[PDB]
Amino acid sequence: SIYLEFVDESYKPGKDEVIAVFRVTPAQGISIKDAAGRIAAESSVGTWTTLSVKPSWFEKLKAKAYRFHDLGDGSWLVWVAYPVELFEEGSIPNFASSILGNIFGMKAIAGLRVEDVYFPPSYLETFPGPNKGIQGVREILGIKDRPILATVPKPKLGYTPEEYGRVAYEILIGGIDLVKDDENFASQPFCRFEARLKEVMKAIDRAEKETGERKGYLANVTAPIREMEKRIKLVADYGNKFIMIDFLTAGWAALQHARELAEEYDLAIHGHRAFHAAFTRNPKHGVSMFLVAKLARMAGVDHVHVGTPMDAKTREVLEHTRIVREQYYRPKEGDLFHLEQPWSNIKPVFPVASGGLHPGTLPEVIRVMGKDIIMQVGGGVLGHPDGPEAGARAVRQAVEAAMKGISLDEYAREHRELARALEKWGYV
């Protein structure tokens, strides 16, 4: 009832307020209006009973639930408007402590999903966004139009530095553009970061000299802050242009710090989203992957995985790619789960596609997700009957057929490596 003060369905936020859309399942006995005012109060200025010193900014900073949509299943969409003065400039941690913070554990709530957040220009521009973006990564690699290709070794762990370096050579030499560490590679004793990086950067130099094509390494710098700082400088000192960071397990502050060092050292960042599915799977509680991707783009990844691609989940993968690549995102008519979002001064991000992609499947992914993607094509490459070099060539020929508008069956007659890819795995 003190919480009615935070609800106002006659309010109209301007374009200059932060807007959150929540999917709210009130606990038993709690009305949606009650739950919504508690969410608005807890994620902004709290409450007071008696005032022993005036807070001159309380009514100014207060958030308002101004709009309700009954989903007919026990949950509601609630829009909450937030004054921008609630948030510290350029700080993802402070944003998350408000809108992604205690509200998830309140007793009045049986489920709370944060679906999307609209950031106004004055707040959005306090964040750097990607250092390089799609166009800067294409320029690093010299790849004008086609999708870029990446491969993680198999197995993901178990190689000494010497062994890992020979594995990378075969991958790059046949046409893959980026060799990628897996998410749990860091600097374990069996393969320390520096000794591993030397062996891969020697493999890159050979492959560039023989192919004529630039190559890069998505080196995993996930680490406590001081160790990450050293590893980012070692990557830079070896002439590599990319770092990878597990931004949910190292954390948002680590990602924003890596983004500052990327500025200093002229690097691109691959953001790995490991841990996201602990809280992005349940449609009734947690954070949508859509919003995690939007925050990753603000914080400054240049690449981010959007999940796997007609049905509801494919529709949402398509919304993920739109929110990370577009300069002006607009929800389709009647879609209440996302908000309109201009991205003035924030470069687009490369969506990463992955999930058992073989040469046969690549044209359809490119037609559906567009050419501005990174495809991770591990199984298709390392599992080719003629070895990984031929495997990377098959993927490149498959991509070539898609760029040239040629049927795969037709292309796979003057192209040996691809021919056996279609033989072995077909159109999966």
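Residue numbers run from 1 along the displayed sequence.
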With residue 309 and residue 310 adjacent in the shown sequence, let me know how many deposited residues between them lack coordinates: none, 1 to 3, 4 to 9, or 10 or more. 4 to 9
Comparing mean C-alpha B factor in the record for 88-96 and 273-281, the higher one is 88-96
When the C-alpha temperature factors are averaged for each of 284-292 and 334-342, which stretch ends up with the higher value in the entry? 334-342
Can you tell me which of 266, 181, 177, 170 has the highest Cα temperature factor in the record? 170
Which of 298, 112, 191, 245 ranks first by CA B-factor in the deposited coordinates: 191
What third of its chain, lowest, middle or highest, does the C-alpha temperature factor of residue 225 fall into? lowest
Using the B-factors in the PDB entry, rank residue 131's C-alpha atom against the chain and give the third, lowest, middle or highest. lowest
Per the entry's values, where does residue 329 land by CA temperature factor relative to the rest of its chain, in the lowest, middle or highest third? middle
Split the chain's modelled residues into thirds by Cα B-factor; is residue 392 in the lowest, middle or highest one? highest
Ordered by C-alpha B-factor within the chain, which third holds residue 210? Give me lowest, middle or highest, please. highest
